[PDB]
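Presented below, as structure tokens, is a lone chain in the form solved without its partner chain.
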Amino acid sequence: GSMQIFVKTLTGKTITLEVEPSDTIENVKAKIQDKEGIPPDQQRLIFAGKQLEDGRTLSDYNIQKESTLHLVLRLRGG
């Protein structure tokens, strides 16, 4: 079931995560918070030229095995 994905920063390191296609974008941000200490409200996740909405799943966005997403950091905006 599960699979690994990567989350790249703009100019730093890359994060490796273990996920399932049924995982929501909100879950993935939780997993980053677990591995890096970044709250989800400070995280924009990007894939294929757009930011990803929290309540949608990876399979929803056609995110597959070994895909690389991008993490752009932010302050909490409302």
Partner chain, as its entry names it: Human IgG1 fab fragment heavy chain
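Rigid core (definition): largest C-alpha set, two forms, superposition within 1.5 Å. Residue numbers count along the first chain shown, from 1.
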Between 50-58 and 11-19, which has its CA atoms farther from the current form in 4 other deposited structures of this protein, using a rigid core superposition?
11-19
With B-factors read from the PDB entry, the higher C-alpha mean of 20-28 and 63-71 is in 20-28
8-16 set against 51-59, stretch whose average Cα temperature factor tops the other in the entry:
51-59
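This next part talks about the form solved in complex with its partner chain, which is not shown.
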Since only the chain is shown here, I'm wondering whether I38 would be in contact with its partner chain in the bound PDB entry (any heavy atom pair within 4.5 Å).
yes
